[PDB]
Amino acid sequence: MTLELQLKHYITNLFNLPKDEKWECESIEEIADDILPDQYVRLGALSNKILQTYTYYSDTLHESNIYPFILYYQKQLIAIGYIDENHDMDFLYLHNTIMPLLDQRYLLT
């Protein structure tokens, strides 16, 4: 079962969404500085690195203002998380290109 699909399952549980609603993806390159909380972006680490970003959406995600995302550096997994109604990023995973800083991937089962 793909990561994508596990994050969907967790998000549909956490937020009471439709289990089978089709999710789409938006994929955007951006420097990490423009994308990650201050405390996670540091020189020699993420700062000034281009990330590949995936942001998931559907009708009910739109309606709830929930935007799950997965972040990559090259092909290295950098983050799994969601943005919420208030625009707080919440993370189930975050890795700074050196080591994990946050690991709660176990919630994805």
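Each form is matched to the other, and the largest set of C-alpha atoms that superpose within 1.5 Å is called the rigid core. Throughout, we count residues from 1 along the sequence that is shown.
Looking at 65-73 and 40-48, the one farther from the shown form in 4 other deposited structures of this protein by average CA distance, after a rigid core fit, turns out to be 40-48.
Core superposition of the other structures onto this form places the C-alphas of 92-100 farther off in 4 other deposited structures of this protein than those of the other stretch among 92-100 and 8-16. When the two stretches 70-78 and 54-62 are set side by side, the higher mean Cα temperature factor goes to 70-78.
On average the C-alpha atoms of 82-90 have higher B-factors than those of the other stretch, with 15-23 and 82-90 being the two compared. Per the PDB record, residue ranking by Cα B-factor puts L46 in the highest third of the chain. Ranked by C-alpha B-factor against the other modelled residues of its chain, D38 falls in the highest third.
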